[PDB]
Each structure stands twice: as structure tokens, then as C-alpha cells.
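Enquirer: Please find one structure pasted underneath; my questions will follow.
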Amino acid sequence: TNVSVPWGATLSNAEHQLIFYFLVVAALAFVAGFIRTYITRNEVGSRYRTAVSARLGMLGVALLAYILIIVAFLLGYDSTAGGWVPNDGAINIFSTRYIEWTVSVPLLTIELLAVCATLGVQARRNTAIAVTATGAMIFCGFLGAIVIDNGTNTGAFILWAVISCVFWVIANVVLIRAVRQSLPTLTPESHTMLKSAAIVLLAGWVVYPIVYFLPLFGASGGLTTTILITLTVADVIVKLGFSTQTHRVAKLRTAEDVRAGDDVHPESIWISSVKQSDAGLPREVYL
Amino acid sequence: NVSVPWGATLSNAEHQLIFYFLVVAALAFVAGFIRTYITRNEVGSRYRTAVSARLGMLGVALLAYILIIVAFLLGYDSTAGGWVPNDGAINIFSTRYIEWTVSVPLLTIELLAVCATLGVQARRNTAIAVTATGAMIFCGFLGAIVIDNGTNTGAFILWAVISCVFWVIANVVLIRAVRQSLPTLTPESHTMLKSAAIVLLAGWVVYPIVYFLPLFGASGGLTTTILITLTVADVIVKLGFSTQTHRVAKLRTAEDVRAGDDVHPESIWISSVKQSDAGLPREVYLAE
Amino acid sequence: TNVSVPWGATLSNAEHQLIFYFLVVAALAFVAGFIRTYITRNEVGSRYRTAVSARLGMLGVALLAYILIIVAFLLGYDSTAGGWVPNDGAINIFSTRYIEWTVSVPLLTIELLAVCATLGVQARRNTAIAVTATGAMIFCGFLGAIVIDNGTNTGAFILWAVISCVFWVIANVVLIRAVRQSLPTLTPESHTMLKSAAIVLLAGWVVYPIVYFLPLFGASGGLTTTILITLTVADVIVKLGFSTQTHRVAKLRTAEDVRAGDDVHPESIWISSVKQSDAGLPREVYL
Amino acid sequence: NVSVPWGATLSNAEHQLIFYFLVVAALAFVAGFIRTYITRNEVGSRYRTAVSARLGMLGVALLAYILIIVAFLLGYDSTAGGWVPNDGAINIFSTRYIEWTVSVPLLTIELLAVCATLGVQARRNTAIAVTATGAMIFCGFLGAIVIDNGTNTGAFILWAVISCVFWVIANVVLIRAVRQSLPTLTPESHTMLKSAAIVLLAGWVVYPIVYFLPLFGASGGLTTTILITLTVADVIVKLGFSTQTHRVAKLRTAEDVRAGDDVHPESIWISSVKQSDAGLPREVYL
Amino acid sequence: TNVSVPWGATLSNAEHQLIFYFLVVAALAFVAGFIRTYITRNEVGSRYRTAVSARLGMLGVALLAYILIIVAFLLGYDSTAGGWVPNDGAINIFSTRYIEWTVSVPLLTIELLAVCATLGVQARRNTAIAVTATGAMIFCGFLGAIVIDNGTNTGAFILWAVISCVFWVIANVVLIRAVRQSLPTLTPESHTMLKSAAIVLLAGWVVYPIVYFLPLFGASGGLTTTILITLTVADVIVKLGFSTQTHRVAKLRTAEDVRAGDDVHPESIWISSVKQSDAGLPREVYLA
Ligand SMILES: *C/C=C(C)/C=C/C=C(C)/C=C/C1=C(C)CCCC1(C)C
Ligand SMILES: *C/C=C(C)/C=C/C=C(C)/C=C/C1=C(C)CCCC1(C)C
Ligand SMILES: *C/C=C(C)/C=C/C=C(C)/C=C/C1=C(C)CCCC1(C)C
Ligand SMILES: *C/C=C(C)/C=C/C=C(C)/C=C/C1=C(C)CCCC1(C)C
Ligand SMILES: *C/C=C(C)/C=C/C=C(C)/C=C/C1=C(C)CCCC1(C)C
Ligand SMILES: CCCCCCCC/C=C/CCCCCCCC(=O)O
């Protein structure tokens, strides 16, 4: 065994305060994000609404998930004057984050595929692969780090990490393929946005696997702190940063459909205070 | 004697897996509930019953799973790598029955809502399905959780059979209603309705099977299998089925628009393929 | 006979499970009802919106009320070798239901009067009498069964029950009068619906007074169970059963106003998959 | 010297009655809040401040009463003598002050919103009313709860007088604003506004009276009367008044439609009598 | 350690009551604010919607944040013969407020920048600086007062306060520059409102740094009380005061766009009972 479980390390009063600060800040940031997303939901045409439902869905999940994480943190540690001594429920803090990713990540895939130009079965087939792959990716990590031998088996820890990486590649390929296939059909402005969004999500993903293997280089209050805080910053940056991108795309693509005269939108669409489309009503219909 | 599943002690790994699936399920429903709500006006007033039912069931399922999670957290006590069941462990299974009692009946209405059944034929069908589905679950609750604290092998089987009677009544009514509708619906609508019906009716089989597992003995592993399986089942059927009935409602809504029977204020899409165009009702000048 | 308070009887593990099952199922059913009512709120014209606001209001109340009832139930009994022994808080279970009715019943009256053709003062006067009568009816029952001598006084139990019945008649008369007076002015189809709705509510009401006097025929775990479960079934059946009816009415009356050309509705109105009215927009106005 | 009401022991009957009214009140507010929200688009954009204020106050009142209920459940302990007050019993009365501090000010804005006050005259009035009403409650809190745990009879009376000063300032500003508006409004609108103002301003008298009751001694019965009365008062004034200001907003909205000053997308009704017909804004080219 | 942590001072029953009163009042005021903001969300054109989303976002955060603060306060002190004695969790009361500011303040910046006329890159770049600066400003303060040596290092308390002030100036400059640059393009009425809003936010901000250094003048139940109440009044006044202003702006700017014939709004826009714009519908379009 070379695996030093992070929920075994004792935390300083300062460390305990920092972890709580970032966790709650994150949760609040998501509530702010969720509120924004909801209010700016009708800025997108019915065609790209899947992008909105997915985003709002993930933010909702992330929000609640982080509430559990916070609770586990508060009920997972005891003050001993030598710092904060882990309980039997401290493991739940790490466990809870996996639960979040299991649901949050799959929704992120659909969100990206939603703004992609994939049509008919090609689209439906891609989603199924991505969702299943992303879900499996996280589950495999959960099995190795938490489930198997209480995450103390160095063999399993590494084995399932590799199995997970397999799924990670499957996901990256399907998404990259779908983005690259769509880019040609999109306008230059839309093409750029989609690419930007894809990069933010796919690129960020790398941080998670790296943090997973840190426990191998030993255990410590500081390390445990780094692991938790980093993952929090990662979750907030990716989820919020990426979400804003997919939205701007949906709007651009919506405005384009309006200008092209393919569809109509009941309000004017703006981006950085630059009008993209004008308000329009459908034609009155007789029966 | 029936080996009650809430009597079996669970490993730290088993306890973690059950929690993982339960919470994931609840979160999945939140995601589902949110989507359903946002995509509620993608359907005409005619098939709104399908939306209200779906959102209703997801809402119920969501809250129900919160209770299940709570019961699970208060149902077991940690004994150094093992989780020993307490008096409240039974509530975990009990809570799921409460969920089904309300969730299943709504699923029936949701299916019947997208069906072409008209007038009394429709209203009569719903009543039978709802009552049957509710009874089906209640019977199971009595046999497994209520009667002799779920330790009576005779009752466990008796009420299971009584339940199966109701299960057949439900399957028949729904299958007949779907079969009757399919002919009047378009090919695209026909396919979707059939697909939706299969997902619900087919999945249902899993529940009765898992019910009788406790007869083949008791164990931490078995108890784990029972819980996880039911969770996966609930999520897959409820979200799988729900997604289908929605796609139907939209298709049927778009058709009514194209046919010029009604109008919708926004364009309707399915897999990024336009089904109907945005249209406004004609302005009318009242006597004034 | 003499009054045997139901919160004094010890309950079996089976009885305890049954009561919890029905209580939670009821609360969830209300959530389902509340959600439906809210989503199907714009299926009714502004004229009959009082019917919707009242329904949603009562369902909201019922929902929260049942949450308290459930809490009281969980804190009302203690698990022993003899089953579930009642504590000091067991009385709160029954008390809470009265609180529910005090608010829920009055709203039901307004809901019925809302779909009635009562105009001007005749309408406003009726509401005041019904609300005050219904509120008093429940309050009187609360005083006799719970408040006065801790519900151990057989005399009060009966006296206030009679006083309550007086109010019950006052309410039934006002409502019946209003329904009978309206029926003539409405269409045959609307006439039938209103009558049906009135019957469902007024008829069900009888169950409550009957269950009130059961404690006189003695006390027992089984009886206590019957009292609770029956009232739960009653609440759910009446509240959802009646509500669905008054809604169907509001829609029919709304569709009629549209067909008659008295008003316009922005969406088509349906009943059992039969179109009642077509979608229409108001005429554009220059100011 | 002042017989604090949270010192008196309560009977099982008294305890049950207080709980009954508290919860009923909270539920009534939920019912009110729901209605207010659903009937929010029955009013023109011009008088929307009246709606936002009402929904705001009902929301506050609702949550406030939840705390009051919690405080009540943790404020008394069941004994052989009935329900004995603990250290947290004071919080029950304290919580109500918190409610009023926020609820009352919103009620003023709600009334001023349906008033015809224009420009600075309007903005100035609201500020005075809000600040006065907030101070009024704060002063009462200081005398009855904060200062010597409400045991100083001098302060109890002093701050009550200081509060009454603010109470007069508020009543004057509101009455002036209502009187100034009445002339510009229709007879039907005039009557409603007056009715609404009376319900709020008149009811207000009950609160100061109940405040000074503790001076005439302490008792389980008195304590019960104080709590229940204030609850009935809160419910009656808040829902009674609110319903009135709403009816006004609608009438004033319908008038603007008929007068051809604005347009509303749905027909407006009052007691089943059509006030305005549905109208759509004219489609405009840019 | 010339720093006298405020969570070390014991509080009187009167002090304890006053703190609770203001905290809850604040939270309720935000609920009232949040409700208003939500209902009056469609009083603004799509162009200035960022101003609404930001405000509703901050009010939502502030609301929840104050709930935690209230909880921390209830679990932070224990009632004794000497009054209310601070426990280990008393520090959390102050800690929680920092969490609030960390999220609330940044959103306030975006809210102001949203009503500003900044276009293209200049606008996007400004937001990034403001958000990062404001977030850092609060984080730095948190490090000095709470994180470092449990807030006992007098040197750090001052050092990080200075580092924070640096960020405070960076933020004030960016915002002031953006407001000054916009003023010229806006109408006189709009110009005045924007200026008023900016003043309320930027001016109020000064109170926070001042209250931060009060613990240096010693410790007291009274001092601790003053610090908490003042910050609460500050939060409520700035957040509601400023928010109301930025809203009035968004409406004026929306009405202007309508009058100028640049866009259309489906309802009439009013300010203090004075009509600014009339209701207008987009022109019906026949698609190809
Ligand atoms: C919003 C949160 C996101 C997108 C989280 C993403 C997490 C991953 C991409 C994790 C991947 C992993 C591996 C590829 C190997 C190690 C185990 C995982 C699950 C951390
Ligand atoms: C979303 C949850 C669903 C659809 C649950 C369905 C459950 C059943 C179909 C259960 C059926 C049963 C029998 C037919 C026999 C034994 C008892 C039951 C209730 C498990
Ligand atoms: C939704 C709940 C409803 C409609 C409850 C209704 C309750 C009654 C009609 C109760 C009537 C009573 C009497 C007439 C006599 C005894 C006391 C009462 C309150 C149970
Ligand atoms: C909905 C609740 C309302 C309107 C509460 C109103 C309360 C008052 C008008 C209180 C006034 C008081 C005085 C004028 C003197 C004594 C102290 C007060 C605060 C009770
Ligand atoms: C709604 C809450 C607001 C606007 C809070 C603002 C807080 C500050 C502007 C704090 C500034 C500080 C410094 C510049 C120095 C000392 C540390 C701080 C964080 C209090
Ligand atoms: C909307 C704000 C909610 C705040 C969280 C409330 C959680 C439950 C607490 C209830 C309060 C209990 C009674 C009042 C205590 C007052 C203590 C004091 O005197 O300082």
C-alpha cells in the first residue's frame, strides 16, 4: 500500500476555515449562477433550449451537491485543540463530490452537444455514448478511491483510475468529433464560440485526474486542504466559465436563425451591448 | 421465515455505494424536474396533462428519495468497517413504497394523457389504472413491511399475488388504450407511443422480481443489490419513460399545428429537426 | 358514554407504519396536486381566477399542514416493548389537523363561490358568511375535542359539536342557495358541472362530524388508527376530488365566454380531449 | 416593576390556543402570498409597486410567523403545573417586533403606491413613512425587550411615548397623501383608497393598547390574550388592508385602460363585474 | 497581539437580542428585496437584463448568507450567569459575513458595469478586473482577520488590510472610469441616476474598512455589538439603496431606447408615477 487517504490527515483551525470559506462561496456562486441562467433562459430560441435546461439542471445539482459536501465537512470533523480530528463521516466529503460529478459532468456533455449542429440519430447516439462514458468515468474513480478497501488498496486506486481514463478518452473523442463536424456548418463567429466553450470544458477536465493521484505522494493537513480547495475552484471555474460560453453560442445561433429569416424571437438579442437580432412576432394564423 | 433485508449488516463499501446511487438518483430527478419545467410550453394545451403528471411525479420522486436518504442515514450505525441495522432501517424500504404509491399512478395518467382515448373511455381508463397501481403498491407494503413486521412468509406471497392481480388489470387497460390509439395516430407518433409504453410496462417486471429476492435468504450483498437495483430501476424507467411521453406530446402538438387544427407561439424542434413553425392566434374585435 | 382521547391509546409497529404511509402519501399527493394546479392556472379566464388562487392556496396550506402533522406524529410516540407509547405531544397530531381545516375549508367555500354566478354585494356577503361560518365550525370542534378540559369533558365534546353543526348548516345553506341561484343563468353543460362539484364537497363534509364522535364508543390502537387514516383519506379525496371539478367548471365557463364572443383567451381550451374554445388575441389598441 | 408576559406560566388549553392561532395565521399568509402572486398581472405596470410591496410583506410575515412558532415551541416546558416559561420565552415577543420592523414599513409603501403622489412629493413621503414606522417598532423593542429585559417601567413608558411620536408622523404623512389623492381619483377609487387607509391606520391603535397591558399585572390568561390579539390583529390588518389596496390598483388600472391612457392584455373583473376589456399594444416598425 | 478578536468578548442579554433583531430584519429585508426584484424583472429591456440577473443573484446570496450568519450566532454563544459567553464557533459569525461579501460585492460591480455604456472588449476586460479585485479584496481581509493565526497576528491584520485596500482602489478606479466614460453618452436624467448609484456603492464601501480596524481599539461586548450591527445596517442600506438606483437607470435607458425607436417593450414603463415609455409589440414577420 502507498495510498494515504486524505480524510485521515488532521486539519489546522486556519485550514478548516479556508475549506469552509471556498465550499460555501462556491455554493453561493452556483445559486447566483442558477438565478442568472433562469432569468436569461428566454434569450435563446426553442431550437437550443436543451442547452439552457442542461445548464440550469447542472447548476441546480452542483448547488444541492455542495450543500451536502458542506454538511459532511461540518459533521465529519471534531475540534481537539491540536486541530480538527477526522470522524468516520469525513470520507463522505470526498464521496459527495463524486456524486456531484456523476450527475453534473453528464449534463455538461449534453449542454455542449446541444449547441452542436448534430442532427437526427448522429446526435442521439453521441449523447448516449458521452453520458454513459462520463457517468462510468466518475463511477470507476469512486470505486478505486472510496469503495474498494476504503480507498487504501494502491492496486485498485491505480487500476480503476486507468479504466476511468479509457472512458475519459471515449468522451473527449465523441465531443471533439461532434464539435469539429459542426464547426463547418456554423458561421465564423459561432464557430469560434463553440471551439472556445469546448476547450474550457475538455481542458479543465485534466485538473481532476491530476488531483486524484496526489494522495500517492503522501498525506498531510496541507495536501488534504490543497486537494479540496483546488477541486472547488475547478468545479466553480469550469461549470460557471463554460456555462456562460454555451449560452453566448445559443444566443448567436438564435440571432443568426432570426437574421437568416429561418425563425423569429419575441425580444431583441444582445452580446456585450451589441444588438445581434431585433424583436419579431409570428404571423397571425386563420383556421 | 422471510429474511427481512433490513436485518442484514452492510460493509463500509456497500453503505457508500447505496448512498452514492440514492443521492445521484435524487439529483438526477432535480435535473429532470428542472428540464421538464423549462420545456413545459413546448407542448399544446391539449396534451398539458402529460406535462403536469410528469413534473408531478418527478417532484414526488425527488422529495421521496430525500426521505429515503434520511431514513438510510438514521437506519444504520457504524461498527468499525461494518454498518449494523437499527429499528429505523425498515423505514428505508417503507419510504420507497410511499414513493411508488404516488409516482406509479401519475406515470399511468402521463401515458393515458398522450393516448388518443376520448370522452368517458379516457376518464374510465385513468380511474382503473390509478386505483389498480395504488392498490398494487399498497398490497406489497402490507405483505413486506406492515404484516408481522414483514416476517410472515405466507402474507409476503399472498399479498404479492393480490398485487400481481392489480398489476395485470393496469397492464391490460394501458396496453389496450395504447393499441386502440396507435391506429388513429401518425406513423412517427405511433412509434414513440409504443416505445414509451414498452419502457414503463417492461421495466415494471424488475420490481416484482426484486420483491421475492428476500425468500432466497438475507445478506449485506443481497440487501445492497435489492436497494441499488430498485434505485437504478426508478431512475431509468421514470426518466427514460418521461423523455418518451414528452417527445410524443411535442410531435402530436406539431401535427395539430401543421394540420391547421391549432397554433403554437414558438417553433417546435426534435433532435434539431423543425416539426412546426411559430404562429399567433388571429386578433378578434369583441362587440365593445 | 364518556370521552376516551385517541392520543392516549398505544399503537402497534404495523399501525405506526400505516399512519406514516398515508400521512406522507397525502402530503406528496398535495405536492402533485399543487404542481398540476399551478401549471394549469392559465387554462382559466381572468374572470374565474379567484377559483384557481383559492385552490392553489388550499393545496399549499394542506401540503404544509400535513408536514406539521407528520412531524407531530414522529415526536408524538415513543417505541417500547409494548409498541408505540403516546407522549405529551401526541395530542398535537389531532390539533394540527384542526389548524389545517380552519384555513383549508374556508378557501374551499371561496373556490365554489368563485365559479358561482353571484354578482355585486350578494357575492361578497355570501363569502363573509361562508368563511366566518366554516372557520367557526372548525374552531368550535377544536375547543370541544382539544382545548376544553384537555378533551376529557364529554359534555363540552357534544355541546360545541352541536354549536359547530349550526355553523355547518349556515355554510351548506349559503353555498346550496348560491349554486341553485347560479344554475339557471349558466349553460346545461356548466349547470351539470357546478352541481357535481357542490355535491362532492358538501357530501364528503358529513364524514368529518361522524369521525369526531368515534372516541365516545371507547379508545384503542385500532380505533385511533381508523380515526387518523379515515380523516387523511377524506382530506385527500375531497380536496383533490372537489378541486378537479371546480377547475373543469372554470374552463367550461371560460370557453363559453370565448365562443359567446364576450371575451378572448390566448390558447385553445380542452376537456377530456374535446376542444371547447380556439386560441384568440385581443385587438391591437392605439392610445 | 413591569410584569413581563414571558414570566407567566400557561395552561395546556392556553398553550394549544396560542399554537392554533399562530399556525393558522402563518397558513393564512401562505394562502394570501399564493393568491397575491397568481393575481399579480391583474395590475398595470404603473401600480406594480403596490403588488411587489404586498407580496414582499406577506413573504416576510409568513417566514416571521415560522420563527415565532419555533420560539413558542422552544420557549415553554411541559410540567405538572402546565407550561413553565424558560429563558427563550422572551424570543416569542422579540420575533413579532422583527416582523413589524419589516412588515409595517412595506404596508406604508403599498398604500403610497396606490396614492396619486408624483415626483419628489411621492419619494419624500415614502422615506418619512418607512423611517418613522421602522423607528416606531425599534423604540417599542428597546423599551419592552432590550432595556433591563423589559423590567424598567420608566423606559417601557418613555420609549412607548417616543414611538407614539413616530406613529403620529407616519399617520399624518399617509393621511395627507390619501387626502391629496382622493380629489384626482374617481368616486369608486376614492372610496376604496379611503377604506384601505382606515383598515391599516385604525387597526394600528390595537398594537399600542396591547403594549401597555403588562402594566395591569401578569397572568397565563393575560399573556394568552396579548399573543392571540396581536396574531388576530396582524392577520386581519395585513390581509384585510392588502385585499383593499389590490382592488384599488385594479380599478385604477381599468380606468387607465378605459380612459385610453394605457392598455392591458387581459380583461379586469371586480365581484364578477367587467371593468376593462383585453387590449394589445400596437405593433411598431423601427 | 494588540488585536482583540471581537468573538472573545462576552455579550449582555440586551446586546444578544439587538444583534439577532438586526440580523433577521436584514435577512427579511433581502427576502422583500428579492421578491420585488423578481416581480419587476420585465420592467427592463433584454439589453440591460445583466443588471437584473446580477441584483437578484446578489439578493439571493445575501439572503442565504445571512441565514448562515444567524445560525452561527445561535451556535456561537452560550447563556450563563455573566450573559452570553463566546464558544469555539463564535468566530464563524464574522467568517460567514466575509463569505457573503466574497460573492455579493463582485455581483454589485457587474450590476453597475451592466448599466454602464461600455462596449466590446473594454467592457469584458473591466468586469474581469472588478470581479477579481473585489473577490481578492475580501479574501485578503478574511486571511488577515480570521485565517492567519486565528486572527491574533496584529501585523498580518494590518498587512493584508493594506493589500486589500490596493485591490479596493483598483476596483474603484475601473468602475469610476467606466461611469465617467458612460455619463457623456447618457441623457441628463440617466447621467444623474448612474452617478447617484455609483456614489451610494463606492461611498458606502468606506464604512467596511473603518469597522475592520475597530478591534485594534480593544475588546467589548458593546464594541462587538457595534461592529456587527453597523456592518448589517451597511449591507442592507448599500445593497437595497444601490440596487434600487441601478434598476431606475435600466428602466430610464430602456424607455429611452423605446422613445428613440431603437427597440420596443411590451408594457408601459413608469418612474414615480410618470410614464417614460408606452407599450409596443414587435412587427409580425412572415418567414420564407
Ligand atoms: C463540473 C465538474 C467536472 C467536469 C468534473 C470532472 C471530473 C473528471 C473529468 C474526472 C476524471 C477522472 C479521471 C479521468 C481519472 C481519475 C478519476 C476521475 C473521475 C477524477
Ligand atoms: C417509478 C417506480 C415504479 C414504476 C415502480 C413500480 C413498481 C411495481 C410495478 C411494483 C409491482 C409489485 C408487484 C406486481 C408484486 C409485488 C409488489 C410490487 C408492488 C413490488
Ligand atoms: C379539506 C378538509 C375538509 C373539507 C374538512 C371538513 C371538516 C368538517 C366539515 C368538520 C365539521 C365538524 C362538525 C360539523 C361537527 C364536529 C366538528 C367538525 C369540525 C369535525
Ligand atoms: C402587520 C403589523 C402591524 C401593522 C403592526 C403595527 C404595530 C404598531 C402600529 C405599533 C405601534 C406601537 C406604538 C405606537 C407604541 C408602543 C409600541 C408599538 C410599536 C407597539
Ligand atoms: C454588500 C456588501 C458590501 C458592499 C461589502 C463591502 C466590503 C468592503 C468594501 C470591504 C473592504 C475592505 C477593505 C478595503 C480593507 C479591510 C478589509 C475589507 C474587506 C473590510
Ligand atoms: C429567515 C431567517 C431564518 C434564520 C434561521 C432560523 C433557524 C431556526 C431558529 C429559530 C429562532 C429561535 C428563537 C429565536 C432565538 C433568538 C435568540 C436571541 O435572543 O438572540
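How things are named: the first chain in the C-alpha cells is A, the next is B, and so on; residues count from 1 in each chain; ligands count from 1 in the order shown.
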Set the distance at 6 Å and use only C-alpha atoms: which residues neighbour stretch 105-122 of chain A once local chain neighbours fewer than 6 positions away are removed? I'd like the list as a PyMOL selection string.
Expert: (chain A and resi 50-51+54+58+131+134+182) or (chain B and resi 271-272)
Enquirer: Just to be explicit: take each residue in the selection above, keep N, CA and C atoms, and write the result as a compact mmCIF listing (two decimals), in the first residue's frame.
Expert:
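Generated output (again_23.txt):
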# COMPACT_ATOMS: atom_id res chain seq x y z
N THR A 50 -32.38 22.96 -25.07
CA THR A 50 -31.73 21.79 -24.40
C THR A 50 -30.47 22.29 -23.69
N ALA A 51 -29.77 23.26 -24.30
CA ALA A 51 -28.53 23.88 -23.77
C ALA A 51 -28.84 24.58 -22.44
N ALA A 54 -30.15 21.92 -19.59
CA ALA A 54 -28.95 21.18 -19.16
C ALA A 54 -28.15 22.04 -18.17
N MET A 58 -27.58 21.31 -14.26
CA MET A 58 -26.24 21.07 -13.67
C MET A 58 -26.01 22.02 -12.49
N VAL A 131 -22.83 10.47 -22.17
CA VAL A 131 -23.50 10.33 -20.84
C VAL A 131 -22.97 9.08 -20.14
N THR A 134 -19.09 9.36 -19.40
CA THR A 134 -18.86 10.36 -18.33
C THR A 134 -19.29 9.78 -16.98
N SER A 182 -19.50 19.94 -36.56
CA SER A 182 -20.44 21.08 -36.51
C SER A 182 -19.76 22.35 -37.04
N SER B 271 -34.56 16.69 -31.98
CA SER B 271 -33.20 16.27 -32.42
C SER B 271 -32.65 17.27 -33.44
N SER B 272 -33.04 18.55 -33.30
CA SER B 272 -32.58 19.69 -34.15
C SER B 272 -33.26 19.65 -35.52
Enquirer: Could you tell me which residues of chain C sit within 9 Å of chain B when counting only C-alpha atoms, and give me the result as number ranges by chain?
Expert: C: 13-15, 17-18, 21-22, 24-26, 28-29, 31-40, 43, 261-264, 266-275, 278-284
Enquirer: Kindly work out which residues sit at most 9 Å from ligand 6, using only C-alpha atoms and all ligand atoms, and give the list as a count of residues only.
Expert: 45
Enquirer: Please provide as a list in words all residues within 10 Å of residue C:202, with the sequence filter that same-chain residues fewer than 3 positions apart are discarded (counting only C-alpha atoms).
Expert: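 Once the adjacent positions are removed, what remains is residues 109, 168, 171, 172, 175, 176, 197, 198, 199, 205, 206, 238 and 242 of chain C.
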Enquirer: Could you state the separation of atom CA of residue A:219 and atom CA of residue A:3 in Å, given to one decimal place?
Expert: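 Pair atom CA of residue A:219 / atom CA of residue A:3 returns 8.5 Å.
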Enquirer: Chain D residues within 10 Å of chain C, counting only C-alpha atoms: which ones, as a count of residues only?
Expert: 55
Enquirer: Neighbours of ligand 5 within 7 Å, counting only C-alpha atoms and all ligand atoms, as a PyMOL selection string?
Expert: chain E and resi 101+104-105+137-138+140-141+161-162+164-165+168+201+205-206+208-209+212+235+238-239
Enquirer: Pull N, CA and C atoms from the residues just selected and write them as a PDB file, in the first residue's frame.
Expert:
ATOM      1  N   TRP E 101     -19.769  38.725   1.401  1.00  0.00           N
ATOM      2  CA  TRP E 101     -19.084  39.815   0.656  1.00  0.00           C
ATOM      3  C   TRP E 101     -18.343  39.239  -0.554  1.00  0.00           C
ATOM      4  N   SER E 104     -21.287  38.571  -2.913  1.00  0.00           N
ATOM      5  CA  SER E 104     -22.228  39.719  -3.023  1.00  0.00           C
ATOM      6  C   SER E 104     -21.557  40.910  -3.722  1.00  0.00           C
ATOM      7  N   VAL E 105     -20.377  41.324  -3.247  1.00  0.00           N
ATOM      8  CA  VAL E 105     -19.644  42.525  -3.751  1.00  0.00           C
ATOM      9  C   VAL E 105     -19.369  42.374  -5.245  1.00  0.00           C
ATOM     10  N   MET E 137      -9.953  41.456  -2.661  1.00  0.00           N
ATOM     11  CA  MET E 137     -10.142  42.453  -1.573  1.00  0.00           C
ATOM     12  C   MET E 137     -10.687  41.734  -0.334  1.00  0.00           C
ATOM     13  N   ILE E 138     -11.801  41.013  -0.490  1.00  0.00           N
ATOM     14  CA  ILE E 138     -12.492  40.300   0.622  1.00  0.00           C
ATOM     15  C   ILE E 138     -11.605  39.152   1.109  1.00  0.00           C
ATOM     16  N   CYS E 140      -8.367  38.678   1.005  1.00  0.00           N
ATOM     17  CA  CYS E 140      -7.215  39.265   1.740  1.00  0.00           C
ATOM     18  C   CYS E 140      -7.654  39.581   3.178  1.00  0.00           C
ATOM     19  N   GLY E 141      -8.778  40.286   3.335  1.00  0.00           N
ATOM     20  CA  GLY E 141      -9.353  40.653   4.645  1.00  0.00           C
ATOM     21  C   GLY E 141      -9.622  39.425   5.501  1.00  0.00           C
ATOM     22  N   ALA E 161      -4.849  43.950   5.203  1.00  0.00           N
ATOM     23  CA  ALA E 161      -5.820  45.066   5.128  1.00  0.00           C
ATOM     24  C   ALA E 161      -5.327  46.058   4.067  1.00  0.00           C
ATOM     25  N   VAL E 162      -4.023  46.356   4.079  1.00  0.00           N
ATOM     26  CA  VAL E 162      -3.342  47.260   3.105  1.00  0.00           C
ATOM     27  C   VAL E 162      -3.428  46.618   1.718  1.00  0.00           C
ATOM     28  N   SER E 164      -5.482  44.461   0.612  1.00  0.00           N
ATOM     29  CA  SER E 164      -6.925  44.558   0.274  1.00  0.00           C
ATOM     30  C   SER E 164      -7.229  45.958  -0.274  1.00  0.00           C
ATOM     31  N   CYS E 165      -6.858  47.010   0.466  1.00  0.00           N
ATOM     32  CA  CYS E 165      -7.077  48.435   0.092  1.00  0.00           C
ATOM     33  C   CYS E 165      -6.537  48.689  -1.319  1.00  0.00           C
ATOM     34  N   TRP E 168      -9.052  47.424  -3.523  1.00  0.00           N
ATOM     35  CA  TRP E 168     -10.200  48.352  -3.335  1.00  0.00           C
ATOM     36  C   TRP E 168     -10.054  49.535  -4.297  1.00  0.00           C
ATOM     37  N   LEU E 201     -22.756  53.086  -3.757  1.00  0.00           N
ATOM     38  CA  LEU E 201     -21.900  51.873  -3.653  1.00  0.00           C
ATOM     39  C   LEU E 201     -20.498  52.263  -3.168  1.00  0.00           C
ATOM     40  N   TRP E 205     -18.821  51.668   0.762  1.00  0.00           N
ATOM     41  CA  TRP E 205     -17.630  50.778   0.840  1.00  0.00           C
ATOM     42  C   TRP E 205     -16.667  51.239   1.942  1.00  0.00           C
ATOM     43  N   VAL E 206     -16.514  52.553   2.134  1.00  0.00           N
ATOM     44  CA  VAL E 206     -15.557  53.161   3.109  1.00  0.00           C
ATOM     45  C   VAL E 206     -15.845  52.634   4.522  1.00  0.00           C
ATOM     46  N   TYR E 208     -16.852  49.755   5.700  1.00  0.00           N
ATOM     47  CA  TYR E 208     -16.327  48.382   5.934  1.00  0.00           C
ATOM     48  C   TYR E 208     -14.882  48.442   6.429  1.00  0.00           C
ATOM     49  N   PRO E 209     -13.945  49.077   5.689  1.00  0.00           N
ATOM     50  CA  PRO E 209     -12.548  49.148   6.122  1.00  0.00           C
ATOM     51  C   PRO E 209     -12.402  49.749   7.528  1.00  0.00           C
ATOM     52  N   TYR E 212     -13.362  47.377  10.286  1.00  0.00           N
ATOM     53  CA  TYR E 212     -12.344  46.293  10.288  1.00  0.00           C
ATOM     54  C   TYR E 212     -11.268  46.574  11.343  1.00  0.00           C
ATOM     55  N   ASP E 235     -24.655  46.677   4.962  1.00  0.00           N
ATOM     56  CA  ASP E 235     -25.041  45.649   3.956  1.00  0.00           C
ATOM     57  C   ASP E 235     -26.428  45.982   3.393  1.00  0.00           C
ATOM     58  N   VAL E 238     -26.606  49.769   1.560  1.00  0.00           N
ATOM     59  CA  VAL E 238     -25.859  49.757   0.266  1.00  0.00           C
ATOM     60  C   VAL E 238     -26.610  48.873  -0.734  1.00  0.00           C
ATOM     61  N   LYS E 239     -26.787  47.593  -0.399  1.00  0.00           N
ATOM     62  CA  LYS E 239     -27.365  46.553  -1.292  1.00  0.00           C
ATOM     63  C   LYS E 239     -28.746  46.981  -1.803  1.00  0.00           C
TER      64      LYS E 239
END
Enquirer: Skip residue E:243 itself and residues of its chain fewer than 6 positions away, then list as a VMD selection string all residues within 9 Å of it, counting only C-alpha atoms.
Expert: chain E and resid 37 55 108 111 to 112 197
Enquirer: As an exercise, work out the distance from atom CA of residue E:187 to atom CA of residue E:200 in Å and give it to one decimal place.
Expert: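 Straight-line distance from atom CA of residue E:187 to atom CA of residue E:200 works out to 20.1 Å.
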Enquirer: How far is it from atom CA of residue A:63 to atom CA of residue A:23, in Å with one decimal?
Expert: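 Atom CA of residue A:23 lies at a distance of 10.4 Å from atom CA of residue A:63.
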Enquirer: Do you know which residues are within 9 Å of ligand 2 using only C-alpha atoms and all ligand atoms? Can you write them as JSON, numbers by chain?
Expert: {"B": [57, 61, 96, 97, 99, 100, 101, 103, 104, 105, 107, 133, 134, 135, 136, 137, 138, 139, 140, 141, 143, 144, 156, 157, 159, 160, 161, 162, 163, 164, 165, 166, 167, 168, 200, 201, 203, 204, 205, 206, 207, 208, 209, 210, 211, 212, 230, 231, 233, 234, 235, 236, 237, 238, 239]}
Enquirer: Can I get the residues close to ligand 4 as a ChimeraX atom specification, where close means within 7 Å and we count only C-alpha atoms and all ligand atoms?
Expert: /D:100,103-104,136-137,139-140,160-161,163-164,167,200,204-205,207-208,211,234,237-238
Enquirer: Rank A:235, A:189, A:78, A:257 by their smallest atom-to-atom distance to ligand 1, using only C-alpha atoms and all ligand atoms, and report the top residue only.
Expert: A:235
Enquirer: Quick check for you: according to DSSP on this backbone, which residues of stretch 35-120 of chain D are classed as alpha helix (DSSP H)? Reply as a PyMOL selection string.
Expert: chain D and resi 35-38+48-75+90-114+119-120
Enquirer: Name all residues at most 7 Å from residue E:83 (count only C-alpha atoms; drop same-chain ones fewer than 3 positions away) and give them as a count of residues only.
Expert: 6
Enquirer: Among stretch 13-224 of chain D, which ones does DSSP place in strand (DSSP E), written as JSON, numbers by chain?
Expert: {"D": [76, 77, 78, 83, 84, 85]}
